[PDB]
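The chain below stands alone, shown as structure tokens; this is the form deposited in one PDB entry.
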């Protein structure tokens, strides 16, 4: 893996641009907010991009037509936190960790959830944490990564 310094918000916007047409076609209300425009991390940009694409794809599928997605990025002491929320039904308590298993596959609309690989990227490769919670009439997926491999 290749760690480089990059603006995390720039990467989030790059991923939004990938989905902009689909989001609009589906009439989804999307918003992105940050608490620090110059939020920079040292991480593997390609791999973090893969996690973002996977979470946004899942948010769109989950929220469906006329849905809502909100992304936030937050600058924490030795880490950053990215939260991707969608309006939709809550994840049942028994499935919260099972969705991250390489052998969760009770999921279609044509595609697997990809979350075991997201976990590998966030937790194994970057020493962070990724989890889900139910909130505000929807579901959030949150990841945190150390700002540098040295703050792991």
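Residue numbers count along the first chain shown, from 1. The term rigid core refers to the most C-alpha atoms you can superpose between the two forms while keeping them within 1.5 Å.
Not on display, but discussed next: the form deposited in another entry.
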Shift test between the shown form and the other one (rigid core reference, C-alpha, 2 Å or more cutoff) over 36, 66, 105, 46 hits only 105
Versus the form shown, are the CA atoms of residue 115 and residue 110 closer or farther apart in that other deposited form, given a shift of 3 angstroms or more? closer
Do residue 135 and residue 109 move together or apart in that other deposited form, judged by C-alpha distance changing 3 Å or more? farther
